[PDB]
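Text of the file upload_27.txt, holding compact mmCIF, C-alpha atoms and all ligand atoms:
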```
# COMPACT_ATOMS: atom_id res chain seq x y z
CA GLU A 1 0.00 0.00 0.00
CA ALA A 2 1.61 3.20 -1.28
CA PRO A 3 1.45 6.43 0.74
CA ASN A 4 -1.18 8.92 -0.27
CA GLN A 5 0.59 12.17 -1.03
CA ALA A 6 -2.35 14.14 -2.33
CA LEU A 7 -2.22 17.80 -1.21
CA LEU A 8 -5.22 19.09 0.71
CA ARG A 9 -5.92 22.72 -0.02
CA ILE A 10 -7.39 25.06 2.55
CA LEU A 11 -9.38 27.97 1.27
CA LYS A 12 -10.39 31.18 3.01
CA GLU A 13 -14.05 32.16 2.81
CA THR A 14 -12.92 35.50 1.44
CA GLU A 15 -11.64 33.61 -1.62
CA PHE A 16 -15.05 32.54 -2.82
CA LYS A 17 -18.67 33.68 -2.85
CA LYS A 18 -21.85 31.62 -2.86
CA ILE A 19 -24.26 32.81 -5.55
CA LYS A 20 -27.18 30.39 -5.59
CA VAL A 21 -28.43 27.12 -4.09
CA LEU A 22 -28.05 24.43 -6.70
CA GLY A 23 -29.62 21.90 -4.42
CA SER A 24 -30.64 21.48 -0.82
CA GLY A 25 -31.22 18.18 0.90
CA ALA A 26 -30.82 16.52 4.27
CA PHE A 27 -28.03 17.89 6.45
CA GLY A 28 -26.43 20.10 3.84
CA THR A 29 -27.02 22.19 0.75
CA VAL A 30 -24.96 22.88 -2.37
CA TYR A 31 -24.28 26.32 -3.84
CA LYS A 32 -23.11 27.55 -7.20
CA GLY A 33 -20.12 29.77 -6.51
CA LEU A 34 -17.15 31.70 -7.81
CA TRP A 35 -13.71 31.07 -6.38
CA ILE A 36 -10.81 33.39 -6.90
CA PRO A 37 -7.48 31.97 -5.91
CA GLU A 38 -5.35 34.35 -3.92
CA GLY A 39 -3.30 36.57 -6.14
CA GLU A 40 -4.06 34.47 -9.19
CA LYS A 41 -6.41 36.57 -11.31
CA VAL A 42 -8.54 33.62 -12.27
CA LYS A 43 -12.18 33.01 -11.48
CA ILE A 44 -13.25 29.41 -11.15
CA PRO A 45 -16.90 28.30 -11.14
CA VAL A 46 -17.43 25.98 -8.19
CA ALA A 47 -19.99 24.12 -6.22
CA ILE A 48 -19.72 24.42 -2.46
CA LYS A 49 -21.10 21.64 -0.34
CA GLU A 50 -22.05 22.55 3.17
CA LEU A 51 -24.16 21.06 5.91
CA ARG A 52 -26.29 22.82 8.50
CA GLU A 53 -25.70 25.31 11.21
CA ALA A 54 -25.84 22.22 13.32
CA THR A 55 -22.19 21.24 13.52
CA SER A 56 -22.38 17.85 15.12
CA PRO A 57 -19.04 16.04 15.00
CA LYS A 58 -20.48 12.86 13.58
CA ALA A 59 -21.64 14.84 10.58
CA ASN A 60 -18.24 16.45 10.32
CA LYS A 61 -16.50 13.11 10.43
CA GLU A 62 -18.56 11.99 7.46
CA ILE A 63 -17.97 15.08 5.40
CA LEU A 64 -14.26 15.02 5.92
CA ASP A 65 -14.01 11.39 4.94
CA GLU A 66 -15.67 12.34 1.67
CA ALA A 67 -13.25 15.23 1.16
CA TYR A 68 -10.34 12.94 1.77
CA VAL A 69 -11.38 10.71 -1.11
CA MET A 70 -12.10 13.51 -3.50
CA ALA A 71 -8.73 15.04 -2.81
CA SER A 72 -7.12 11.74 -3.69
CA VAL A 73 -8.43 11.18 -7.21
CA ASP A 74 -7.29 12.58 -10.53
CA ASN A 75 -9.25 11.47 -13.59
CA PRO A 76 -11.13 13.27 -16.38
CA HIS A 77 -14.31 11.36 -15.60
CA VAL A 78 -14.00 11.58 -11.86
CA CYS A 79 -14.92 14.70 -9.85
CA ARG A 80 -12.09 16.16 -7.83
CA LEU A 81 -12.11 18.32 -4.73
CA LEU A 82 -10.39 21.69 -5.25
CA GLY A 83 -10.23 22.66 -1.57
CA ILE A 84 -12.13 22.91 1.70
CA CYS A 85 -13.25 25.72 3.94
CA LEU A 86 -13.01 25.53 7.66
CA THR A 87 -15.17 28.48 8.52
CA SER A 88 -17.62 27.16 11.04
CA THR A 89 -18.95 24.04 9.53
CA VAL A 90 -16.85 22.63 6.77
CA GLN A 91 -17.37 23.16 3.10
CA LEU A 92 -16.17 21.23 0.12
CA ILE A 93 -15.22 23.14 -2.98
CA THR A 94 -15.15 21.31 -6.24
CA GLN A 95 -15.50 22.24 -9.87
CA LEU A 96 -18.97 23.12 -10.98
CA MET A 97 -20.81 21.06 -13.56
CA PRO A 98 -23.08 23.48 -15.40
CA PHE A 99 -25.67 20.94 -16.60
CA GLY A 100 -26.11 19.15 -13.33
CA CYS A 101 -26.51 15.49 -12.58
CA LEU A 102 -27.04 13.14 -15.49
CA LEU A 103 -30.26 11.60 -14.17
CA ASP A 104 -31.98 14.94 -14.26
CA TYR A 105 -30.44 15.64 -17.64
CA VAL A 106 -31.81 12.57 -19.40
CA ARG A 107 -35.26 13.28 -18.01
CA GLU A 108 -35.20 16.90 -19.11
CA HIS A 109 -33.83 16.41 -22.63
CA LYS A 110 -34.99 12.90 -23.59
CA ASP A 111 -36.54 14.14 -26.80
CA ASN A 112 -33.24 15.60 -27.86
CA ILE A 113 -30.95 12.83 -26.57
CA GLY A 114 -29.02 10.80 -29.12
CA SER A 115 -27.88 7.15 -29.05
CA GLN A 116 -24.31 8.32 -29.57
CA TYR A 117 -24.49 10.42 -26.41
CA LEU A 118 -25.90 7.54 -24.41
CA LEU A 119 -23.15 5.12 -25.48
CA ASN A 120 -20.51 7.73 -24.85
CA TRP A 121 -21.76 8.37 -21.39
CA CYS A 122 -21.52 4.63 -20.74
CA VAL A 123 -17.96 4.64 -21.98
CA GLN A 124 -17.03 7.60 -19.85
CA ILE A 125 -18.67 6.26 -16.73
CA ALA A 126 -16.87 2.95 -17.13
CA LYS A 127 -13.64 4.91 -17.65
CA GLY A 128 -14.21 6.75 -14.37
CA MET A 129 -15.14 3.52 -12.61
CA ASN A 130 -12.05 1.75 -13.92
CA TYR A 131 -9.83 4.49 -12.55
CA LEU A 132 -11.37 4.01 -9.08
CA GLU A 133 -10.60 0.34 -9.45
CA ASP A 134 -7.02 1.28 -10.21
CA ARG A 135 -6.91 3.27 -6.97
CA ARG A 136 -8.61 0.35 -5.27
CA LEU A 137 -11.64 2.44 -4.43
CA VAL A 138 -15.17 1.11 -4.21
CA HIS A 139 -17.69 3.85 -4.86
CA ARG A 140 -20.54 1.91 -3.21
CA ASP A 141 -23.08 4.46 -4.42
CA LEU A 142 -22.87 4.43 -8.20
CA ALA A 143 -26.08 5.89 -9.68
CA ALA A 144 -27.20 8.18 -12.51
CA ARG A 145 -28.01 10.80 -9.84
CA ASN A 146 -24.37 10.67 -8.80
CA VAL A 147 -23.14 11.34 -12.30
CA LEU A 148 -22.63 15.04 -13.22
CA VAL A 149 -22.51 16.72 -16.63
CA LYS A 150 -19.75 19.23 -17.37
CA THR A 151 -21.10 19.27 -20.89
CA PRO A 152 -23.32 16.86 -22.94
CA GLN A 153 -20.10 15.31 -24.27
CA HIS A 154 -18.35 15.21 -20.89
CA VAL A 155 -19.48 13.53 -17.66
CA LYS A 156 -17.79 12.67 -14.34
CA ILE A 157 -18.56 10.57 -11.24
CA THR A 158 -19.29 12.11 -7.84
CA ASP A 159 -20.56 11.47 -4.29
CA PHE A 160 -17.65 9.61 -2.79
CA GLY A 161 -19.24 9.74 0.66
CA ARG A 162 -19.95 6.01 0.81
CA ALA A 163 -16.65 5.22 -0.92
CA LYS A 164 -14.25 2.80 0.78
CA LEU A 165 -10.94 1.06 0.07
CA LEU A 166 -11.22 -2.51 -1.14
CA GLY A 167 -11.14 -5.08 1.63
CA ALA A 168 -11.85 -2.56 4.35
CA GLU A 169 -14.29 -3.17 7.19
CA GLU A 170 -15.36 0.44 7.60
CA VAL A 171 -28.58 2.87 1.63
CA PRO A 172 -29.77 2.46 -1.96
CA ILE A 173 -31.15 -1.03 -2.24
CA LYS A 174 -32.17 -0.97 -5.86
CA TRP A 175 -28.68 -0.16 -7.08
CA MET A 176 -26.95 -2.58 -4.73
CA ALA A 177 -25.73 -5.96 -5.83
CA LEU A 178 -27.42 -8.91 -4.21
CA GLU A 179 -24.29 -10.03 -2.43
CA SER A 180 -24.10 -6.61 -0.89
CA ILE A 181 -27.74 -6.59 0.12
CA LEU A 182 -27.57 -9.95 1.85
CA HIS A 183 -24.10 -9.76 3.32
CA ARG A 184 -22.97 -6.18 3.02
CA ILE A 185 -20.23 -7.39 0.73
CA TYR A 186 -18.78 -4.75 -1.53
CA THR A 187 -16.24 -5.22 -4.24
CA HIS A 188 -15.36 -3.58 -7.57
CA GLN A 189 -17.72 -6.18 -9.05
CA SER A 190 -20.45 -5.04 -6.69
CA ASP A 191 -19.81 -1.60 -8.20
CA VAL A 192 -20.19 -3.05 -11.70
CA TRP A 193 -23.69 -4.20 -10.87
CA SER A 194 -24.60 -0.71 -9.75
CA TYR A 195 -23.17 0.43 -13.04
CA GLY A 196 -25.53 -1.93 -14.86
CA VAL A 197 -28.47 -0.24 -13.20
CA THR A 198 -27.05 3.19 -13.96
CA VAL A 199 -26.90 2.18 -17.59
CA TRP A 200 -30.47 1.03 -17.38
CA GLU A 201 -31.56 4.41 -16.03
CA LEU A 202 -30.13 6.20 -19.04
CA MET A 203 -31.57 3.76 -21.53
CA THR A 204 -34.88 3.99 -19.77
CA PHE A 205 -34.50 7.75 -19.69
CA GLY A 206 -34.49 8.29 -15.96
CA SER A 207 -37.12 5.76 -15.07
CA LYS A 208 -36.93 4.59 -11.47
CA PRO A 209 -35.71 1.01 -10.99
CA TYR A 210 -38.20 -1.49 -9.68
CA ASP A 211 -40.75 1.25 -9.46
CA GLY A 212 -43.57 0.63 -7.05
CA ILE A 213 -41.59 -1.97 -5.17
CA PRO A 214 -40.55 -1.79 -1.54
CA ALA A 215 -36.86 -2.28 -0.91
CA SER A 216 -37.39 -5.03 1.61
CA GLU A 217 -38.99 -7.03 -1.13
CA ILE A 218 -36.16 -6.47 -3.57
CA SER A 219 -33.81 -8.97 -2.04
CA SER A 220 -36.32 -11.72 -2.67
CA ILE A 221 -37.07 -10.48 -6.16
CA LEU A 222 -33.43 -10.69 -7.07
CA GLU A 223 -33.32 -14.00 -5.28
CA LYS A 224 -35.98 -15.33 -7.64
CA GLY A 225 -33.82 -14.37 -10.60
CA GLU A 226 -35.92 -11.40 -11.56
CA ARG A 227 -34.13 -8.52 -13.24
CA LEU A 228 -34.90 -5.13 -14.69
CA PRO A 229 -36.74 -5.16 -18.05
CA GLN A 230 -35.05 -4.56 -21.37
CA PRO A 231 -35.59 -0.92 -22.38
CA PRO A 232 -37.42 -0.16 -25.62
CA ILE A 233 -34.50 1.62 -27.21
CA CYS A 234 -32.16 -1.18 -26.25
CA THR A 235 -30.83 -3.68 -28.72
CA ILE A 236 -30.38 -7.20 -27.52
CA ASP A 237 -26.60 -6.66 -27.38
CA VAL A 238 -26.85 -3.68 -25.11
CA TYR A 239 -29.36 -5.33 -22.78
CA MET A 240 -27.28 -8.45 -22.72
CA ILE A 241 -24.36 -6.42 -21.42
CA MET A 242 -26.65 -5.05 -18.72
CA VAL A 243 -27.73 -8.55 -17.70
CA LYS A 244 -24.13 -9.66 -17.30
CA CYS A 245 -23.67 -6.97 -14.68
CA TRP A 246 -26.54 -8.52 -12.74
CA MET A 247 -25.06 -12.03 -12.60
CA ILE A 248 -25.18 -13.83 -9.28
CA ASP A 249 -21.51 -14.69 -9.49
CA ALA A 250 -19.54 -11.43 -9.19
CA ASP A 251 -16.54 -12.92 -10.92
CA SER A 252 -18.80 -13.76 -13.84
CA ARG A 253 -19.62 -10.08 -14.00
CA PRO A 254 -17.71 -7.99 -16.55
CA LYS A 255 -14.68 -5.97 -15.54
CA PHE A 256 -14.87 -2.21 -15.96
CA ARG A 257 -12.04 -2.24 -18.54
CA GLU A 258 -14.02 -4.79 -20.55
CA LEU A 259 -17.14 -2.59 -20.35
CA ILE A 260 -15.20 0.38 -21.73
CA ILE A 261 -14.06 -1.71 -24.69
CA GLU A 262 -17.46 -3.18 -25.51
CA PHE A 263 -19.27 0.15 -25.34
CA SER A 264 -16.52 1.77 -27.23
CA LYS A 265 -17.18 -0.56 -30.10
CA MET A 266 -20.84 0.33 -30.06
CA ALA A 267 -20.15 4.04 -30.16
CA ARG A 268 -18.51 3.61 -33.62
CA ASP A 269 -21.81 2.36 -34.93
CA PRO A 270 -24.28 3.70 -32.35
CA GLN A 271 -27.36 3.38 -34.51
CA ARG A 272 -26.97 -0.36 -34.76
CA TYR A 273 -26.98 -0.75 -31.04
CA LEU A 274 -29.62 1.68 -29.95
CA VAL A 275 -32.84 2.40 -31.74
CA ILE A 276 -34.13 5.92 -31.27
CA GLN A 277 -36.62 7.91 -33.29
CA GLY A 278 -35.16 10.86 -35.14
CA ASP A 279 -31.71 10.02 -33.90
CA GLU A 280 -30.11 11.98 -36.70
CA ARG A 281 -32.05 15.17 -35.94
CA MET A 282 -30.95 15.48 -32.34
CA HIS A 283 -28.30 17.95 -31.27
CA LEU A 284 -27.35 19.16 -27.81
CA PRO A 285 -26.08 22.55 -26.65
CA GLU A 286 -21.99 37.55 -13.90
CA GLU A 287 -21.11 40.59 -16.02
CA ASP A 288 -17.37 39.98 -16.33
CA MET A 289 -16.36 36.48 -17.30
CA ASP A 290 -13.12 37.40 -19.02
CA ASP A 291 -11.05 35.76 -16.33
CA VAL A 292 -13.19 32.70 -16.06
CA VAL A 293 -11.22 29.48 -16.10
CA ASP A 294 -12.62 25.97 -15.80
CA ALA A 295 -11.29 23.73 -13.08
CA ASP A 296 -9.87 21.32 -15.64
CA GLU A 297 -7.91 24.20 -17.06
CA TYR A 298 -6.81 25.43 -13.65
CA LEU A 299 -3.82 23.50 -12.40
CA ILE A 300 -1.46 23.62 -9.49
CA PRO A 301 1.99 22.21 -8.83
CA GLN A 302 2.23 18.52 -7.97
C1 LIG A 401 -32.99 21.40 -12.96
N1 LIG A 401 -31.81 21.96 -12.31
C2 LIG A 401 -30.76 22.09 -13.31
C3 LIG A 401 -29.60 22.84 -12.68
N2 LIG A 401 -29.22 22.15 -11.45
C4 LIG A 401 -27.87 21.92 -11.24
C5 LIG A 401 -27.41 21.15 -10.19
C6 LIG A 401 -26.05 20.95 -10.03
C7 LIG A 401 -25.18 21.52 -10.93
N3 LIG A 401 -23.89 21.35 -10.83
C8 LIG A 401 -23.32 20.74 -9.83
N4 LIG A 401 -22.00 20.82 -9.76
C9 LIG A 401 -21.34 20.25 -8.80
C10 LIG A 401 -22.03 19.54 -7.86
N5 LIG A 401 -21.63 18.87 -6.79
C11 LIG A 401 -22.71 18.38 -6.23
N6 LIG A 401 -22.66 17.65 -5.14
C12 LIG A 401 -21.49 17.56 -4.53
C13 LIG A 401 -21.07 16.37 -3.96
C14 LIG A 401 -19.84 16.31 -3.34
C15 LIG A 401 -19.03 17.42 -3.28
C16 LIG A 401 -19.45 18.61 -3.85
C17 LIG A 401 -20.68 18.67 -4.48
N7 LIG A 401 -23.77 18.72 -6.92
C18 LIG A 401 -25.14 18.38 -6.58
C19 LIG A 401 -25.81 17.68 -7.74
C20 LIG A 401 -27.28 18.07 -7.63
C21 LIG A 401 -27.34 19.18 -6.59
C22 LIG A 401 -25.91 19.68 -6.51
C23 LIG A 401 -23.39 19.46 -7.94
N8 LIG A 401 -24.03 20.06 -8.94
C24 LIG A 401 -25.65 22.28 -11.97
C25 LIG A 401 -27.00 22.49 -12.14
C26 LIG A 401 -30.23 21.71 -10.50
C27 LIG A 401 -31.37 21.06 -11.26
CL CL A 402 -33.44 2.96 -3.01
```
Please go through the file and, once you have read it, give me the structure as C-alpha cells.
Amino acid sequence: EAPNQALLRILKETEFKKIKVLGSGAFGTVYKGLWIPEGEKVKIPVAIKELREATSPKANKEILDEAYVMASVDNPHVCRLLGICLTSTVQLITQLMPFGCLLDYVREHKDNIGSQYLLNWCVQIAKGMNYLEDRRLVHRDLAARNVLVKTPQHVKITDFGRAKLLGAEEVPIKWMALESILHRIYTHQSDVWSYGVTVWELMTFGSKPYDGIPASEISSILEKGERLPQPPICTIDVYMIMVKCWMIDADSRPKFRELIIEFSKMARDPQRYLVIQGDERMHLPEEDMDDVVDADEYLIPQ
C-alpha cells in the first residue's frame, strides 16, 4: 500500500462567494459559486457543499471522509475536490458542472438525446469507474443521480461519501448488488452491478428502478432471478451487457475495462446498437467572465 501524497488545499471564505443554491437536501445544501485563488487573477466556477448550522461532530467526520477521497483522485471522468473551507462548519469546494446530474439531464432532454451520447456516457462512466478500481476504491453508491454533466459530451462521477478502500471493514437497495444486500459485501464487481443499473436508467430515460416496489422485497425479487426489463431503445446486445452486470456470481460479471471496450465498439456504430426515433435530428447545446477558467484548465503544482 503506497502512501497517499495528495495535497489538501485550505481555502479562506474571502476567496469565494456563494451565488445560488443548486440543491438542498438533508443535512447540507450545495451552492453555485465563484472562487478566486489568492493573487491568481482567475475566477473558477465551483460548487460548495455545506451542511447545516448544526455542527455535530459525527456529521463532520462523514464530510471530511468524503473530502479525503475527492482530494485523492485525478481522472477526467472523476470529480475532484479543489479545496475545503473551515469556517464554522466545513465546506467542500469542487469544480462546478453546469448541466447538473445526469439523471436529471436525461429526463429533461430525452426528446433531444441521441444514441451516440448515451453510449458515450456509458464509456465515460466505465472509464471513471475503472480508474477508481485502479486506486482500489469502491464507490458503493454508483447511480445516474451521482453522475454530473460538465457538458453533454463530458461527464464525471461524484458522491464519494460512501466510498471505501477494497477489503476494508469500515442505503440504496435498488442499485446494490445482491451479495451486498444480503451480506454487506462490496467489491469492484459489486460496483459493476450498480453500473448496470445506472446504464439502465439512461436507456430507460431516468425511469426509477423497480418502481412501485418496496426495498425489503427487492432482495427476494433478485433472489428469484428477476431482473430489470429490457428498455425499448435497447438492442439485444446492449441489454445483454446489462444482464451480465446482474449475474449472481460477481466474478462472472464484466470488468470495468471490458465494459469500456465493448461500449466503445458500439459508439462507432451507435445506430446499430440503440434504436431511437429521429436520432439523426438530435443535437445538444456575472457581467465579467473574461477571467473565467474551468477547473480542468486550472492546475497547481504537484
Ligand atoms: C434542474 N436543475 C438544473 C440545474 N441544477 C444543477 C445542479 C447541479 C449543478 N452542478 C453541480 N456541480 C457540482 C455539484 N456537486 C454536487 N454535489 C457535490 C457532492 C460532493 C461534493 C461537492 C458537491 N452537486 C449536486 C448535484 C445536484 C445538486 C448539486 C453538484 N451540482 C448544476 C446544475 C439543479 C437542477
Ligand atoms: Cl433505493
- Collect all residues with atoms no farther than 6 Å from ligand CL 402 (chain A), counting only C-alpha atoms and all ligand atoms, and output them as an MDAnalysis selection string. chainID A and resid 172:174
Please produce a file of those selected residues containing C-alpha atoms, as a PDB file, in the coordinates of the input.
```
ATOM      1  CA  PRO A 172     -29.770   2.460  -1.960  1.00  0.00           C
ATOM      2  CA  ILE A 173     -31.150  -1.030  -2.240  1.00  0.00           C
ATOM      3  CA  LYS A 174     -32.170  -0.970  -5.860  1.00  0.00           C
TER       4      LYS A 174
END
```
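Computed from the coordinates, the CA of residue 239 (chain A) to atom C1 of ligand LIG 401 (chain A) distance equals 28.7 Å.
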- Task: Would you mind listing what lies within 7 Å of region 25-39 of chain A as a ChimeraX atom specification, with only C-alpha atoms counted and same-chain residues fewer than 2 positions away left out?
- Result: /A:15-23,41-52
At a cut-off of 10 Å around ligand LIG 401 (chain A), and using all atoms listed in the file, what residues come up? Please write them as a PDB file with C-alpha atoms, in the coordinates of the input.
```pdb
ATOM      1  CA  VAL A  21     -28.430  27.120  -4.090  1.00  0.00           C
ATOM      2  CA  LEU A  22     -28.050  24.430  -6.700  1.00  0.00           C
ATOM      3  CA  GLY A  23     -29.620  21.900  -4.420  1.00  0.00           C
ATOM      4  CA  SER A  24     -30.640  21.480  -0.820  1.00  0.00           C
ATOM      5  CA  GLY A  25     -31.220  18.180   0.900  1.00  0.00           C
ATOM      6  CA  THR A  29     -27.020  22.190   0.750  1.00  0.00           C
ATOM      7  CA  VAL A  30     -24.960  22.880  -2.370  1.00  0.00           C
ATOM      8  CA  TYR A  31     -24.280  26.320  -3.840  1.00  0.00           C
ATOM      9  CA  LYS A  32     -23.110  27.550  -7.200  1.00  0.00           C
ATOM     10  CA  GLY A  33     -20.120  29.770  -6.510  1.00  0.00           C
ATOM     11  CA  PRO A  45     -16.900  28.300 -11.140  1.00  0.00           C
ATOM     12  CA  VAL A  46     -17.430  25.980  -8.190  1.00  0.00           C
ATOM     13  CA  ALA A  47     -19.990  24.120  -6.220  1.00  0.00           C
ATOM     14  CA  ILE A  48     -19.720  24.420  -2.460  1.00  0.00           C
ATOM     15  CA  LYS A  49     -21.100  21.640  -0.340  1.00  0.00           C
ATOM     16  CA  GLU A  50     -22.050  22.550   3.170  1.00  0.00           C
ATOM     17  CA  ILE A  63     -17.970  15.080   5.400  1.00  0.00           C
ATOM     18  CA  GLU A  66     -15.670  12.340   1.670  1.00  0.00           C
ATOM     19  CA  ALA A  67     -13.250  15.230   1.160  1.00  0.00           C
ATOM     20  CA  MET A  70     -12.100  13.510  -3.500  1.00  0.00           C
ATOM     21  CA  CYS A  79     -14.920  14.700  -9.850  1.00  0.00           C
ATOM     22  CA  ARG A  80     -12.090  16.160  -7.830  1.00  0.00           C
ATOM     23  CA  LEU A  81     -12.110  18.320  -4.730  1.00  0.00           C
ATOM     24  CA  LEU A  82     -10.390  21.690  -5.250  1.00  0.00           C
ATOM     25  CA  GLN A  91     -17.370  23.160   3.100  1.00  0.00           C
ATOM     26  CA  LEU A  92     -16.170  21.230   0.120  1.00  0.00           C
ATOM     27  CA  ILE A  93     -15.220  23.140  -2.980  1.00  0.00           C
ATOM     28  CA  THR A  94     -15.150  21.310  -6.240  1.00  0.00           C
ATOM     29  CA  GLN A  95     -15.500  22.240  -9.870  1.00  0.00           C
ATOM     30  CA  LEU A  96     -18.970  23.120 -10.980  1.00  0.00           C
ATOM     31  CA  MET A  97     -20.810  21.060 -13.560  1.00  0.00           C
ATOM     32  CA  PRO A  98     -23.080  23.480 -15.400  1.00  0.00           C
ATOM     33  CA  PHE A  99     -25.670  20.940 -16.600  1.00  0.00           C
ATOM     34  CA  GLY A 100     -26.110  19.150 -13.330  1.00  0.00           C
ATOM     35  CA  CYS A 101     -26.510  15.490 -12.580  1.00  0.00           C
ATOM     36  CA  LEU A 102     -27.040  13.140 -15.490  1.00  0.00           C
ATOM     37  CA  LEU A 103     -30.260  11.600 -14.170  1.00  0.00           C
ATOM     38  CA  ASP A 104     -31.980  14.940 -14.260  1.00  0.00           C
ATOM     39  CA  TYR A 105     -30.440  15.640 -17.640  1.00  0.00           C
ATOM     40  CA  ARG A 107     -35.260  13.280 -18.010  1.00  0.00           C
ATOM     41  CA  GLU A 108     -35.200  16.900 -19.110  1.00  0.00           C
ATOM     42  CA  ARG A 145     -28.010  10.800  -9.840  1.00  0.00           C
ATOM     43  CA  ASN A 146     -24.370  10.670  -8.800  1.00  0.00           C
ATOM     44  CA  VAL A 147     -23.140  11.340 -12.300  1.00  0.00           C
ATOM     45  CA  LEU A 148     -22.630  15.040 -13.220  1.00  0.00           C
ATOM     46  CA  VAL A 149     -22.510  16.720 -16.630  1.00  0.00           C
ATOM     47  CA  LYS A 150     -19.750  19.230 -17.370  1.00  0.00           C
ATOM     48  CA  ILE A 157     -18.560  10.570 -11.240  1.00  0.00           C
ATOM     49  CA  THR A 158     -19.290  12.110  -7.840  1.00  0.00           C
ATOM     50  CA  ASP A 159     -20.560  11.470  -4.290  1.00  0.00           C
ATOM     51  CA  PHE A 160     -17.650   9.610  -2.790  1.00  0.00           C
ATOM     52  CA  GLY A 161     -19.240   9.740   0.660  1.00  0.00           C
TER      53      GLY A 161
END
```
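The spacing separating CA of residue 238 (chain A) from CA of residue 262 (chain A) amounts to 9.4 Å.
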- Task: May I ask which of the residues A:54, A:178, A:241, A:295 is the closest one to residue 226 (chain A), counting all atoms listed in the file?
- Result: A:178
- Neighbours of residue 171 (chain A) within 12 Å (only C-alpha atoms; same-chain residues fewer than 3 positions away dropped), as a PyMOL selection string? chain A and resi 140-143+161-162+174-177+180-181+184+215-216
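Across the structure, CA of residue 61 (chain A) and CA of residue 73 (chain A) are spaced 19.5 Å apart.
Residue nearest residue 302 (chain A) within the list A:123, A:187, A:6, A:133: A:6 [criterion: smallest interatomic distance, only C-alpha atoms].
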- Message: Residues near residue 135 (chain A), anyone? I mean within 9 Å using all atoms listed in the file, not counting same-chain ones fewer than 3 positions away, as a PyMOL selection string.
- Response: chain A and resi 73+130-132+138+165
- Give as a list in words each residue that has an atom at most 9 Å from (-14.4, 2.9, -16.1) in the file, counting all atoms listed in the file. residues 77, 122, 123, 124, 125, 126, 127, 128, 129, 130, 131, 132, 133, 255, 256, 257, 258, 259 and 260 of chain A
Export of the given selection (C-alpha atoms) as a PDB file, in the coordinates of the input:
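Final output, out30.pdb:
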```
ATOM      1  CA  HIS A  77     -14.310  11.360 -15.600  1.00  0.00           C
ATOM      2  CA  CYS A 122     -21.520   4.630 -20.740  1.00  0.00           C
ATOM      3  CA  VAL A 123     -17.960   4.640 -21.980  1.00  0.00           C
ATOM      4  CA  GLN A 124     -17.030   7.600 -19.850  1.00  0.00           C
ATOM      5  CA  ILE A 125     -18.670   6.260 -16.730  1.00  0.00           C
ATOM      6  CA  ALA A 126     -16.870   2.950 -17.130  1.00  0.00           C
ATOM      7  CA  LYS A 127     -13.640   4.910 -17.650  1.00  0.00           C
ATOM      8  CA  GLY A 128     -14.210   6.750 -14.370  1.00  0.00           C
ATOM      9  CA  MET A 129     -15.140   3.520 -12.610  1.00  0.00           C
ATOM     10  CA  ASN A 130     -12.050   1.750 -13.920  1.00  0.00           C
ATOM     11  CA  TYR A 131      -9.830   4.490 -12.550  1.00  0.00           C
ATOM     12  CA  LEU A 132     -11.370   4.010  -9.080  1.00  0.00           C
ATOM     13  CA  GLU A 133     -10.600   0.340  -9.450  1.00  0.00           C
ATOM     14  CA  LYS A 255     -14.680  -5.970 -15.540  1.00  0.00           C
ATOM     15  CA  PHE A 256     -14.870  -2.210 -15.960  1.00  0.00           C
ATOM     16  CA  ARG A 257     -12.040  -2.240 -18.540  1.00  0.00           C
ATOM     17  CA  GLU A 258     -14.020  -4.790 -20.550  1.00  0.00           C
ATOM     18  CA  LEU A 259     -17.140  -2.590 -20.350  1.00  0.00           C
ATOM     19  CA  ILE A 260     -15.200   0.380 -21.730  1.00  0.00           C
TER      20      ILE A 260
END
```
